[PDB]
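Coming up, as structure tokens: structure 1 and structure 2, two forms of one and the same protein chain.
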Structure 1
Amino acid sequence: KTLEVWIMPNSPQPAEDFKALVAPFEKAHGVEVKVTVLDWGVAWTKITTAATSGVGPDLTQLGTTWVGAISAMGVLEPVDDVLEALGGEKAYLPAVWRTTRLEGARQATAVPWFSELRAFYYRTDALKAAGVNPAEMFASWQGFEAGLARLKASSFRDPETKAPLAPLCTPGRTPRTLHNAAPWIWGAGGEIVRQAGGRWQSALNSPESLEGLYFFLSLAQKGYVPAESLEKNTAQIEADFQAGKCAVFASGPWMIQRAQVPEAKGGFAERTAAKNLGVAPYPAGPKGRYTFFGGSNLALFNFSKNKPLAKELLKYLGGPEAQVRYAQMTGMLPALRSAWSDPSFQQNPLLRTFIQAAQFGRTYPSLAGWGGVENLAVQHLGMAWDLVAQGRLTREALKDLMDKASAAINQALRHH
């Protein structure tokens, strides 16, 4: 009677890392845990097929934004008991607690596993050369844009590339998520959706959502993001920062680990970027400072024949030791807030800065139809990036694109 867990590729050797993570559990319970790794490309279909058919694992990883949809299909075992065992609501950042259930539900259907959050990496050497104070640049929108202007004008050249750096790298081609836009929307006082007028509705066409989205998108149109960045994807921009092409770029905590180890093990300790690496939280907008939170949770299918032992494994994976260990393996932040005290975070100044950024964490409402909302939002955000690529984004053009986004989202939110 052996547990079956489904995971996605969260670490360099996903199945073996997971098996090393649960070795102490296996010993204590006299059990083997079986793991299957699902590519992110097919994980959603595999998990919805398990949901509809009843053919699946005991435990599955879920992206945080998936919890509403799978919970609303009726297939997840309540895990309030597990979360209470881990410390209950105060054991988590509120944005992370929000991901434990369908929005508005009283019963928890998912256990927080690990957190993606995003902050700005910068080249300490580039900002020093351009006369930019990092505290000022990453404090506010005005500091941020003034910084990028100084970096655009800087005579500084990367030691290894012998070329100027792009002030900001951000991808403009084929956006799959709102995660790079959301902090700007939120900082302006906006949101992606809201409860207004008795309904969930798009808030992308609100003046405040448009202010934040225009502020961000216009940086690229002012020459702070080179056309070559605009043209690209998400591991390219990490490769670009590593390769000394970008002064500033947003990423998660995994780049810190990578900066600390040589090319041998898949790091960039050798590159000028590793030796001149800073991190700062997103700047405050006019209506607040917000950090995007994502990541993954664990869930138990209620058709499992080993729910008792599966709940023990959720307690283990969700708990302090496994939280610290799996954060190291994945390069993510623990979902269990107590684990942030661990020396592995507190002895690394760049990881302490991520924990500073964590205090401002926010995430999307846990809606059953969240995926439809985000798919329509990203499609229209990509239309906006396309106007940037032509230098044709105006405030009126962005407003028109988000009014079309909002009609489509509102229609999708009226259907289940």
Structure 2
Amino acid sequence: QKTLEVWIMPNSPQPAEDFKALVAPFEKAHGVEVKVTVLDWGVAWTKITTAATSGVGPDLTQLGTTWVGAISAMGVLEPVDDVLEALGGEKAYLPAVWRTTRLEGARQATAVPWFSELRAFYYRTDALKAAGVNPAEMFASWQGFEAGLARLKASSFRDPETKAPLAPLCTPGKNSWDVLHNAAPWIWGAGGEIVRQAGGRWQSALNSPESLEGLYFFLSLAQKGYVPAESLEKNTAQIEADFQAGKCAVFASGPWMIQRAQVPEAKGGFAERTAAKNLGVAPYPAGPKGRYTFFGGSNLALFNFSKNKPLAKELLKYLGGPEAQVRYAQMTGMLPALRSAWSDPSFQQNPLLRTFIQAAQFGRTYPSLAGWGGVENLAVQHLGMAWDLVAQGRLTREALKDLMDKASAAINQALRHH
């Protein structure tokens, strides 16, 4: 009759149902009830920070890897070094994954790695073929990326269901954390970054010459008509929905879309759509200073005001452990956080998934900072205003610089305090 409450984000298309089937064996072996509540990504920051400040909430909460340091810095998370030792310690994890178990420079781990994700480009094989585009040259370089989009815009190809052209590229301009995650590769590729350590402190680098170069190149794809105006007002889920509906030739996303492509519309997938029958993946192109993609995922954290700490730690060890690592990655189409589970043969057979796995050497993420929640909110707000400059025909290098100088002022405030 002993019970646990868990907060999760929508990691699969039937998230509560998938999470319940995942924990059913643990419920049987301990004779306990695990309750699950689903928080949309757009409101999860608001709801998790309120639970933290109020001292009331669940036993466990999913945390995006980029939030672990920001929640940890509030002093509301129970140490989980014991759980991670029981899962095989530092050596069981990719160094980049291990760094998401804590606030940078904290002694104690405060989250357990649950799943990994990184970004690549999904494209329509039938569209790039009709346009005469070589996917290998389109996704090899900025120049190539731009040339491929120009061909996709000039193409007379029409989706056989919609009977209408495809937008060359769709990217979300509003409301998602992905307004930051989708700009990051371009910034990094130009030799830029989101933040930089100097003058003793962390500050915004979104106004560095190289950051402006990468961000401007990204924004100018919309300026040139490769991204439709409508896309700049939309969020992640809508861009996913536009691709599934046969309206976009190319978009940036995570390994989950592969799982969706294999499942019917009734189960929140798109197996019956033209796009699922014509699905390609290519990595992010090399920029002038490097080849990068966003690498992230989600960890599980235990609030220090939980009344069932020993039982919730047993559940973290279960979810962080090999068997649940494999089953949840299968249900979600995410990559296991436990490095050993990448080698499970169920992940070796899928050709599109292999593209994601082998793209991981280009994966980069943000330092695990106390101000990071604020940085992401302000980044989403200010980058969405840069997309606005395009919708208005007002995008210039000076206007972008002025806007990123204001984003930088505000981000510097957030890195001092909450």
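Whichever C-alpha set is largest while still superposing within 1.5 Å between the two forms counts as the rigid core. Numbering for residues begins at 1 and runs along the sequence of structure 1.
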Sole member of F249, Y282, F301, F292 with a C-alpha shift of at least 2 Å between structures 1 and 2 (core-superposed)
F301
Rounded to the nearest whole degree, what rotation separates the positions of the smaller rigid part between structures 1 and 2?
17
State the core-superposed CA shift for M402 between structures 1 and 2, in Å to one decimal.
0.8
What does the CA of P24 shift by between structures 1 and 2 after fitting on the core? Give it in Å to one decimal.
5.6
Superposed on rigid core, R101 CA travels between structures 1 and 2 a distance in Å of 2.2
